[PDB]
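# Summary of structural features
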Amino acid sequence: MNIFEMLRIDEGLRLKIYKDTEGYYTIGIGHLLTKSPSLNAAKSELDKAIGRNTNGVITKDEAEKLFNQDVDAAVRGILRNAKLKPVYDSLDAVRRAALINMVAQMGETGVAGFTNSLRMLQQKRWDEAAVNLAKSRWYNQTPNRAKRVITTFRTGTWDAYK
Ligand SMILES: [Cl-]
Ligand SMILES: [Cl-]
């Protein structure tokens, strides 16, 4: 298992514009197009991202390319983030992937707001952090995915994904 297979399982793959769990226009492997309520606005963003007049549809290879860019950016954002870097650096490889998953889903700002959990993770207080992570909108809105990530932080294994 790895970061790519992990997020691919969590986000799925869709080749036509669609609305995510929050109702925002997305495409491919969880790639947010825009928060605007406008389909045209979404199609314009898509074409700009892909580099061609897509007509709201992309191929597999194009989804995957967006996906590569998104993982790379997420990792890079983490490393440039004063609040996240230290946590990231303190973690083992499996748990690092759990952190990337949260960032890919809610952005840097969003994750960086779980101050208390972040400190517990850094301290290697696994059980306590999983309990704190669970007290959140994130867990209440997407419980299945949140449980998989939380289990990953708790055990440091990919069991939840198998
Ligand atoms: Cl883009
Ligand atoms: Cl879910």
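In terms of determination method and resolution, the entry is listed under X-ray crystallography at 2.0 Å.

Each aromatic ring pair is summarised here by two numbers: the centre-to-centre distance and the angle between the ring planes. The final tally for this structure, using the stated rule, is 3 aromatic pairs. The interplanar angle of 85° and the centroid separation of 5.4 Å between the aromatic rings of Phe-4 and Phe-67 together place this pair among those described as edge-to-face. Of the two residues, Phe-4 sits in helix 1 (residues 3–11) while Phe-67 sits in helix 3 (residues 60–80), which places them 63 residues apart along the sequence. Taking the relative accessible area as the measure of exposure, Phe-67 reaches 9% and is therefore buried. When the ring of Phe-114 is compared with that of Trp-138, the centres are 6.1 Å apart and the planes differ by 85°; the resulting orientation is edge-to-face. With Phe-114 in the loop between helix 5 (93–112) and helix 6 (115–122) and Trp-138 in helix 8 (residues 137–141), this pair connects stretches of sequence that are 24 residues apart. The pair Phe-114 / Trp-138 is uniform in exposure class, with both members buried.

Thresholds applied
Residues are labelled from 1 along each chain in written sequence order, independent of how the entry numbers them, and those without coordinates are excluded. In the order they appear in the text, chains get letters beginning with A and ligands get numbers beginning with 1. Where side-chain values are given, they derive from all heavy atoms of the structure, hydrogens and water being excluded. Each aromatic pair joins two rings of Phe, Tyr and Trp (for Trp, the six-membered one) with centres within 6.5 Å, and gets the label stacked for planes under 30 degrees apart, edge-to-face for over 60, and tilted for any other angle. A run of DSSP states H or I qualifies as a helix once it reaches four residues; a run of E qualifies as a strand once it reaches two. Both are numbered from the N-terminal end. Each residue is assigned to one of three classes by its accessible area relative to the maximum for its type, calculated with a 1.4 Å probe on protein chains only: buried under 20%, partly exposed between the two thresholds, exposed over 50%.

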